Amino acid sequence: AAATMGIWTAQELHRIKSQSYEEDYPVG
Amino acid sequence: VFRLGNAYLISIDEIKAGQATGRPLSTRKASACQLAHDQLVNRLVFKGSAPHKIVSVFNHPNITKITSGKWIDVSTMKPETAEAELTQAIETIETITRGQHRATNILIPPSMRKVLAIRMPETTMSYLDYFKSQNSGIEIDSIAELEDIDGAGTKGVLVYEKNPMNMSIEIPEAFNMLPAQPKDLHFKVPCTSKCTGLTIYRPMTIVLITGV
Amino acid sequence: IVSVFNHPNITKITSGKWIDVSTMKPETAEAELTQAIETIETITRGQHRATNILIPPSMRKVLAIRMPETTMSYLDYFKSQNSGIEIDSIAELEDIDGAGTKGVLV
Amino acid sequence: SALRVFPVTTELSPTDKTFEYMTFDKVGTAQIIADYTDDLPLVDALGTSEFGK
């Protein structure tokens with residue numbers, strides 16, 4: 001029940017894309 | 001005239017988190033609040049409410065209504081009834097109003113664009129081009145609110161003249177946000193506005209074709 | 001890994017054969033292309049409009065039949081009324097499911 | 001023709017193993033009210049995200 005995991009965490013190899021998407025709700 | 005309103009809540013920790021992350025919540029909530037009022041106004045104009053006794057555009061008693069043969073029967077499309085019905089509706093306004101008013105605008109569902117695209121039996125131009133050539137001055141446009149006019153799926157077409165002396169929508173008070181009223185470690189921001197609806201002043205300048 | 005044709009959340013349209021046994025129907029192709037163009041615009045509500053079409057390299061032969069009593073062809077009229085869209089053919093659409101089922105991408 | 005008919009992007013560095021993109025939307029309503037009102041509709045918001053390999 002000890003710790004065996006590797007040196008690098010999962011967040012040091014991860015990319016968040018710059019764009020985000022927003023839904024459109026036309027008034028009419 | 002009538003009046004509308006809604007509100008929204010937010011806390012202090014949410015404000016501080018929004019400031020420190022570059023993604024505020026207040027702006028999004030206010031945008032939703034304004035969008036709600038705009039959509040309610042649109043619903044009042046195009047559908048009306050029964051308990052408040054508001055009449056929609058399609059339910060005005062003293063307007064001209066014409067039943068039509070299906071422009072698309074089951075699946076077959078009929079280019080030639082559309083032109084006949086449009087010309088008849090154009091003539092009706094001038095005949096009834098005795099020359100004072102003439103049609104300037106047409107509004108069709110966004111499938112009748114496909115209908116009016118078939119090439120004329122002769123030459124290459126479509127029915128739309130010939131209709132515009134022989135009916136110069138009239139502007140054709142399509143909106144998506146004309147496909148479920150009654151609630152059971154029956155499309156309709158409106159031919160009318162646009163002039164502030166024949167029809168009008170009024171908003172005596174715009175969207176306002178009252179100052180926040182704090183509570184224990186959070187707030188409450190109310191919003192309100194006013195609206196009237198659509199009033200037809202000379203109900204002989206609008207022709208509705210039902211069943212297209 | 002999901003392929004282009006096997007993705008769950010995409011719009012799929014079942015079509016009547018453009019060439020049934022051996023007879024060619026050059027009028028169903030235009031109707032189906034117009035319907036497929038309309039669906040994208042209606043669902044995305046004006047933000048997104050179709051710009052490209054990819055057909056099998058034999059429906060390219062299909063869309064070359066001349067108008068019954070005109071100088072133009074069906075492709076020319078379709079392009080004239082749908083300006084902005086480019087049509088191209090790739091050989092990868094002649095077998096989609098692995099048992100001989102052609103397809104078109106809009 | 002996989003590369004020609006579909007766009008090619010160069011965001012990912014060689015050492016990445018995953019990537020993520022996020023979306024948002026909104027929810028709300030409104031009603032016809034009279035003066036001296038304490039019942040007023042409310043609005044909110046919500047997001048989500050997805051990954052790749």
# chains A, B, ... in the order shown; residues from 1 in each chain; ligands from 1
call {"tool": "closest_atom_pairs", "arguments": {"of": "chain D", "to": "chain A", "cutoff": "10 Å", "atoms": "only C-alpha atoms", "output": "CSV"}}
result
residue,atom,partner,partner_atom,distance
D:11,CA,A:17,CA,7.7
D:12,CA,A:15,CA,7.2
D:13,CA,A:15,CA,8.6
D:14,CA,A:13,CA,9.8
D:15,CA,A:13,CA,6.6
D:16,CA,A:13,CA,4.7
D:17,CA,A:13,CA,5.9
D:18,CA,A:14,CA,5.2
D:19,CA,A:15,CA,4.7
D:20,CA,A:16,CA,4.9
D:21,CA,A:17,CA,5.5
D:22,CA,A:20,CA,5.4
D:23,CA,A:21,CA,4.7
D:24,CA,A:22,CA,5.3
D:25,CA,A:23,CA,5.7
D:26,CA,A:23,CA,8.2
D:47,CA,A:22,CA,9.5
D:49,CA,A:20,CA,9.5
D:51,CA,A:16,CA,9.3
D:52,CA,A:14,CA,10.0
D:53,CA,A:14,CA,9.8
call {"tool": "interface_residues", "arguments": {"of": "chain D", "to": "chain B", "cutoff": "10 Å", "atoms": "only C-alpha atoms", "output": "list in words"}}
result
residues 25, 26, 27, 28, 29, 30, 31, 32, 33, 34, 35, 37, 39, 40, 41, 42, 43, 44 and 45 of chain D
call {"tool": "select_by_dssp", "arguments": {"residues": "stretch 142-201 of chain B", "states": "strand (DSSP E)", "output": "ChimeraX atom specification"}}
result
/B:142,156-160,167-169,176-177,186-195,198-200
call {"tool": "atom_distance", "arguments": {"atom1": "atom CA of residue C:51", "atom2": "atom CA of residue C:85"}}
result
4.8 Å
call {"tool": "closest_atom_pairs", "arguments": {"of": "chain D", "to": "chain C", "cutoff": "10 Å", "atoms": "only C-alpha atoms", "output": "CSV"}}
result
residue,atom,partner,partner_atom,distance
D:1,CA,C:90,CA,7.3
D:2,CA,C:92,CA,9.5
D:5,CA,C:52,CA,9.1
D:53,CA,C:1,CA,9.8
call {"tool": "closest_atom_pairs", "arguments": {"of": "chain C", "to": "chain B", "cutoff": "12 Å", "atoms": "only C-alpha atoms", "output": "Markdown table"}}
result
| residue | atom | partner | partner_atom | distance |
| --- | --- | --- | --- | --- |
| C:27 | CA | B:118 | CA | 11.5 |
| C:30 | CA | B:118 | CA | 10.9 |
| C:31 | CA | B:114 | CA | 9.4 |
| C:32 | CA | B:114 | CA | 11.8 |
| C:33 | CA | B:114 | CA | 11.7 |
| C:34 | CA | B:114 | CA | 8.0 |
| C:35 | CA | B:114 | CA | 9.0 |
| C:37 | CA | B:114 | CA | 11.0 |
| C:38 | CA | B:111 | CA | 8.8 |
| C:39 | CA | B:111 | CA | 10.9 |
| C:41 | CA | B:110 | CA | 10.6 |
| C:42 | CA | B:110 | CA | 8.9 |
| C:43 | CA | B:144 | CA | 11.8 |
| C:45 | CA | B:144 | CA | 9.9 |
| C:46 | CA | B:144 | CA | 11.6 |
| C:67 | CA | B:124 | CA | 9.8 |
| C:68 | CA | B:121 | CA | 10.1 |
| C:69 | CA | B:122 | CA | 8.2 |
| C:70 | CA | B:123 | CA | 7.3 |
| C:71 | CA | B:124 | CA | 9.1 |
| C:72 | CA | B:124 | CA | 8.2 |
| C:73 | CA | B:124 | CA | 10.5 |
| C:74 | CA | B:119 | CA | 10.9 |
| C:76 | CA | B:124 | CA | 10.7 |
| C:77 | CA | B:124 | CA | 8.1 |
| C:78 | CA | B:117 | CA | 10.2 |
| C:80 | CA | B:125 | CA | 10.3 |
| C:81 | CA | B:117 | CA | 8.1 |
| C:82 | CA | B:117 | CA | 10.6 |
call {"tool": "closest_residue", "arguments": {"among": "C:83, C:89, C:23, C:28", "to": "residue C:53", "atoms": "only C-alpha atoms"}}
result
C:89
call {"tool": "closest_residue", "arguments": {"among": "B:150, B:173, B:145, B:85", "to": "chain A", "atoms": "only C-alpha atoms"}}
result
B:145
call {"tool": "closest_residue", "arguments": {"among": "B:42, B:11, B:62, B:67", "to": "chain A", "atoms": "only C-alpha atoms"}}
result
B:42
call {"tool": "residues_around", "arguments": {"residues": "residue C:96", "least_positions_apart": "5", "cutoff": "10 Å", "atoms": "only C-alpha atoms", "output": "list in words"}}
result
residues 4, 5, 6, 101, 102, 103 and 104 of chain C
call {"tool": "atom_distance", "arguments": {"atom1": "atom CA of residue B:115", "atom2": "atom CA of residue B:59"}}
result
26.2 Å
call {"tool": "select_by_dssp", "arguments": {"residues": "stretch 47-198 of chain B", "states": "alpha helix (DSSP H)", "output": "ChimeraX atom specification"}}
result
/B:79-97,112-115,127-134
call {"tool": "residues_around", "arguments": {"residues": "stretch 87-90 of chain B", "least_positions_apart": "4", "cutoff": "10 Å", "atoms": "only C-alpha atoms", "output": "count of residues only"}}
result
23
call {"tool": "atom_distance", "arguments": {"atom1": "atom CA of residue C:13", "atom2": "atom CA of residue C:95"}}
result
16.6 Å
